[PDB]
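Take a look at the structure set out below.
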Amino acid sequence: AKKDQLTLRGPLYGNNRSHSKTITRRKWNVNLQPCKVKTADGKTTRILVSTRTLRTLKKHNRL
Amino acid sequence: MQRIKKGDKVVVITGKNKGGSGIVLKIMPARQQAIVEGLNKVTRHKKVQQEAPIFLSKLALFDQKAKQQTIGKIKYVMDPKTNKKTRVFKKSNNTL
RNA sequence: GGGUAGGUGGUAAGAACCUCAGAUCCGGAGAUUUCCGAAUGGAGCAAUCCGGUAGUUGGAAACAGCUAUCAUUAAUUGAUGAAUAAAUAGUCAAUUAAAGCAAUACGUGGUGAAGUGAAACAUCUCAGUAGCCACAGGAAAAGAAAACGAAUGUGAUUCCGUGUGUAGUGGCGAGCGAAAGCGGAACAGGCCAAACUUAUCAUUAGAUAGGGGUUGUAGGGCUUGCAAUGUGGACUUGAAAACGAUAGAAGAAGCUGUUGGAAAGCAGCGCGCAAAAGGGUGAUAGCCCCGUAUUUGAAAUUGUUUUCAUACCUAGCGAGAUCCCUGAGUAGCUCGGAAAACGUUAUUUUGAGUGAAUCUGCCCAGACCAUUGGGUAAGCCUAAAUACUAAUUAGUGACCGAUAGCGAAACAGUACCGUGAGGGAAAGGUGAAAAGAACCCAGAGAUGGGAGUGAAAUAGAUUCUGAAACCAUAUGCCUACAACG
RNA sequence: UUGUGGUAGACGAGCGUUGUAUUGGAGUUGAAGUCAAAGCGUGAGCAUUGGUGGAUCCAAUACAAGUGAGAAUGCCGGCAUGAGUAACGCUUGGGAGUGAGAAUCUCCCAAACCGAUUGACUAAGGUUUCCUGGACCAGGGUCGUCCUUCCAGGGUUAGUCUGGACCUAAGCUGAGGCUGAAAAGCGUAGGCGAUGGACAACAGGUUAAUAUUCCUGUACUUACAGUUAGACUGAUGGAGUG
RNA sequence: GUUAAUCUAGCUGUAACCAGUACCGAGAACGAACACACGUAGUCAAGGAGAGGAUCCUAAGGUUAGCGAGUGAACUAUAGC
RNA sequence: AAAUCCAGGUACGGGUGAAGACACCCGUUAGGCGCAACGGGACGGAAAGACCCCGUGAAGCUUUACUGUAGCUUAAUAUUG
Ligand SMILES: [Mg+2]
Ligand SMILES: [Mg+2]
Ligand SMILES: [Mg+2]
Ligand SMILES: [Mg+2]
Ligand SMILES: [Mg+2]
Ligand SMILES: [Mg+2]
Ligand SMILES: [Mg+2]
Ligand SMILES: [Mg+2]
Ligand SMILES: [Mg+2]
Numbered sequence: 002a003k004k005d006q007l008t009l010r011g012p013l014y015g016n017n018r019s020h021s022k023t024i025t026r027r028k029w030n031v032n033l034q035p036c037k038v039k040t041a042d043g044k045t046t047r048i049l050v051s052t053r054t055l056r057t058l059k060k061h062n063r064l
Numbered sequence: 001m002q003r004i005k006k007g008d009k010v011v012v013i014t015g016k017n018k019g020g021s022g023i024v025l026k027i028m029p030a031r032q033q034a035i036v037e038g039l040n041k042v043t044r045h046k047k063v064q065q066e067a068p069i070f071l072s073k074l075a076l077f078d079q080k081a082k083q084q085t086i087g088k089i090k091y092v093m094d095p096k097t098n099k100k101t102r103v104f105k106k107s108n109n110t111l
């Protein structure tokens, strides 16, 4: 699954409304990056996490 | 109960036979038939005088305790104090 | 428990028995419940094959009987344990949940066409329709205002009518089409986070379990007093009662005559009614029967409601003051898109980026600013009205009546076609009752002709009626030199 | 008095059907439906009598509709015509018997094709078609006493054969895991998967039908204990062979 | 493993499970809508002449090609000339 | 058995005719009914003409026809010092 693991925010499906307004179905994929994390039992883990939650992790100092 | 039980006397109210008093032998309650001995003897041609069933509507019980051995209806409502359900004639009081 | 006197399911007579010490039958509750199948010991060509483990029995032992257990995954608990010393991954064990099916229906959510319309066509419509997929549920979803929106105003949601085919929106074409307001069905609003306080965690807590507190004419906490013992339910356990659902019991009243095969008709004289709804009975029955109206009744299981007690939750008016709290990668802003009636626009959502404030606040009243006015997001929960009926029961029809009506009145999704998905038919009626036509003649026999039963055998098993096309026979008339819709 | 041909097409008045409602009424002394007849109407249509048939039905006024058939290379069923025409899809002669009936069946004797086959053994398939007795609705391109059809009864017998209980190939599945809006896809360990590898039985006889299976005669194998003697065995792993 | 397990050779005794096994294997049982001239893996494969499984005739064995009987015109096919 | 078939008691010449006649007009010829044959005709039968044209019809294919797009490549921004 190309959704992240902390939350489950998945792709968003929309239209590729070009000039002259021809419609074409298209997908938006979340930005996934392999940044680490540290749990409160040790067990440092590597999880595919999206960037929006990466910022939240960065400010709550969960690394 | 049942208005007609095996054994009791019974007569015919309608049909080719009138006042054909006789005894009942078998009753098929599912299909509403009776087999009265001495009545409706059809000459079977087997490749014999076996009887022919008579529908329970035609049959009617036979009073035998009244001087006029006439024909009448039946009550069940009489449950005698020292007895179970019994048959008693409406236009009389004669058990069975 | 009911309930009587027969019964051993239909094509079904006979044979052999059970039964009126109360069987069969009907209703409630139970037990048994081979094998496959989510299939789950391991396999597998579905309904078969091959086992392990622990007991017990037999056996000298392989081995065979007879029992129970043996899948995976997630959570929790315990044990064990790596590269590496500790630790985690992993492995083993124990306990508790589901995995599937279907009511072709209804609900939500994801994804999502085309035919067609535009008299072509791409924007658009068909359409967020069908289909695929996940997920439940007895209903779901939604929901208690950062609202409507123009006012001395309404005061959660949902659903019906109207507003109206309006304001608007649309290659301003085809087309699309609200939100207010109003009349109605139904009506309930509750609870956390955080301030503060308590106990404990090498208390580095920034964590665990308590108290407390729930918001807008702003509220709550912090300091201090008064009044309270009570309604209230979105709700736990018991007891009692009522009304039902699941078998059933009683349940009035008629004879005579004629046609007649049989009268229940027709006719004469009666009769009963909280019953003249219906079905059968040799032809059309109020009184022959079975019921119906009515009156009734449950050991056992189950439903709705009510009452009494029973927990948990829940209660009110004031005084002090720069005290503290009032949901952060959040609301916004930008780039691409969409829900909303709106083809992107206030409002609402978001894949990418950036990013605030804290009651003198924040958002809102179709770009926007000021004034005025309304409401307090960024946390959760919620019965009712609403949608649907494959199912159980009672019943209805100016609905069909065997080329109809469900594809299917019968052993129909059968036979049959196809490798397979899948496609997919036709046909019923003797008579009131077999009294299913013993016997005789012909014939090998089916069968036929007499007989016989019966009202009728032109009702005969080819079985209600029995047209037409069609094929044969026959009285009567015409036709073999004649060109003929 | 003036008119009355007529498709497309406008307008008017009407017949019939099925059922519901109320009102009258006929019916086993024979209802509807069905045929037949030398009737009545301006038309759609409507009576009368008789045979058959064996229980429902007719008229008056409104009402409601699955409401009116000669055509759709219409659908379903039946029936003709073409026609007793083409066809009948590789082969004979007779004796005796049976039987009501024989070219067609049973037996016999020839005759004619096959013979790297129309013969004999089996795999794949098919699923009782096999054997005995009986029958002649239907099927058999004729007939039939007969059929591979139908009916009643019957037959398939393994330590060694084909396959499991042993093995693996292509490949299939696939715990954890990887990837993917969803379903699913990929794939490791394990597990399956013969067309192949490894494993011990020969000859003859018998029944209507079975046969390395049953029987007779002679054999081998793989396990299990108990026993005598000898010897220290030596795998879930390494190697050789296969 | 020795205070004997396990194997080897022999003797006595015991056991050897599950499905298939008929018949057809095609000018009539299979796939061709059929009792249709077509198709379908492998095996055995006699004698004379012959290089031979070719070719002609026969054997072991097996079949009567499930409509006949005539006539011997046109005409058609097939052979012969 | 079959395809066919508006009912049929289904002549020929000249002419006419929706323009080439079994039926019409005017002449001509011909007893009723089969059987074997052969094919001139009945614009014979089988096929809603394949050619052609028409439809604001379909599909396949092409391209420097239009509009878009899977891919490939380039820059800003996040991942990120
Ligand atoms: Mg404004
Ligand atoms: Mg002919
Ligand atoms: Mg001929
Ligand atoms: Mg011929
Ligand atoms: Mg062949
Ligand atoms: Mg072969
Ligand atoms: Mg040879
Ligand atoms: Mg040869
Ligand atoms: Mg033609």
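Sequence lines, in order, name chains v and t. Positions 2 to 64 (the authors' numbering) are the ones given, in order, by the first sequence. Positions 1 to 47, 63 to 111 (the authors' numbering) are the ones given, in order, by the second sequence. Backbone N, C-alpha and C fix where the C-beta goes; we use that ideal spot for every residue, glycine too.
#1: Does t/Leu-74 pass the burial test, meaning 16 or more other C-beta atoms within 10 Å, or should it be called exposed?
#2: Can you confirm whether the segment 55-62 of chain v touches the segment 63-81 of chain t when touching is taken to mean that 3 or more C-beta pairs between the two stretches lie within less than 8 Å?
#3: Going by the DSSP bridge assignment, what does v/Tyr-14 pair with across the sheet?
#4: Rounded to a whole number of angstroms, what is the C-alpha to C-alpha distance between residue 68 of chain v and v/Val-50?
#5: In chain order, what residues of the same chain lie with their CB nearer than 7 Å to the CB of t/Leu-25, ignoring the 5 residues before and after it?
#6: Using the three-state DSSP reduction, which class does v/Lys-59 fall into: helix, strand or coil?
#7: Return the CA-CA distance between t/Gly-87 and t/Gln-32, expressed in angstroms with no decimal places.
#8: Helix, strand or coil for v/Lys-22 per DSSP?
#9: Going by beta-carbon coordinates alone, are t/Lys-105 and t/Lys-90 separated by less than 7 Å?
#10: Quick one: what does DSSP say t/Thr-85 is sitting in, helix, strand or coil?
#11: Beta-carbon within less than 7 Å of t/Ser-107's beta-carbon, same chain only, minus the 5 sequence neighbours each way: which residues are those?
#12: Going by beta-carbon coordinates alone, are t/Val-12 and t/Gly-20 separated by less than 7 Å?
#13: Do you know offhand how far t/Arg-102's Cα is from t/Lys-47's?
Here's the rundown:
#1: The sequence position of residue 74 of chain t within the second sequence is 59, counting from 1. Answer is buried; the Cβ neighbour count reaches 16.
#2: no
#3: Here residue 14 of chain v refers to the residue found at position 13 of the first sequence. v/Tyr-14 is bridged to v/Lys-28.
#4: No statement about residue 68 of chain v is possible, as the shown extent of chain v runs from 2 to 64 and does not include it.
#5: On the second sequence, position 25 is the one that residue 25 of chain t refers to. Cβ within range, chain order: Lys-6, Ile-35 and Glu-37.
#6: By 1-based counting over the first sequence, the position of residue 59 of chain v is 58. In this structure, v/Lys-59 counts as helix in the three-state DSSP scheme.
#7: Walking along the second sequence from the start, residue 87 of chain t turns up at place 72. Walking along the second sequence from the start, residue 32 of chain t turns up at place 32. Roughly 20 Å separates the two Cα atoms.
#8: Locating residue 22 of chain v in the first sequence gives position 21, where the first residue counts as 1. Looking at v/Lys-22 - three-state DSSP - the assignment turns out to be helix.
#9: Here residue 105 of chain t refers to the residue found at position 90 when the second sequence is read from its first residue. Here residue 90 of chain t refers to the residue found at position 75 when the second sequence is read from its first residue. Contact flag set, yes.
#10: For the purposes of this step, residue 85 of chain t is taken as the residue at position 70 of the second sequence. t/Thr-85 falls in the coil class under three-state DSSP.
#11: The residue given as residue 107 of chain t occupies position 92 in the second sequence. Counting only Cβ-Cβ distances below 7 Å, and skipping sequence neighbours, we find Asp-78, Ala-81 and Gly-87.
#12: Here residue 12 of chain t refers to the residue found at position 12 of the second sequence. Here residue 20 of chain t refers to the residue found at position 20 of the second sequence. Cβ atoms of t/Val-12 and t/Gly-20: closer than 7 Å.
#13: Within the second sequence, the letter at position 87 stands for residue 102 of chain t. Within the second sequence, the letter at position 47 stands for residue 47 of chain t. So the two alpha carbons sit approximately 44 Å from each other.
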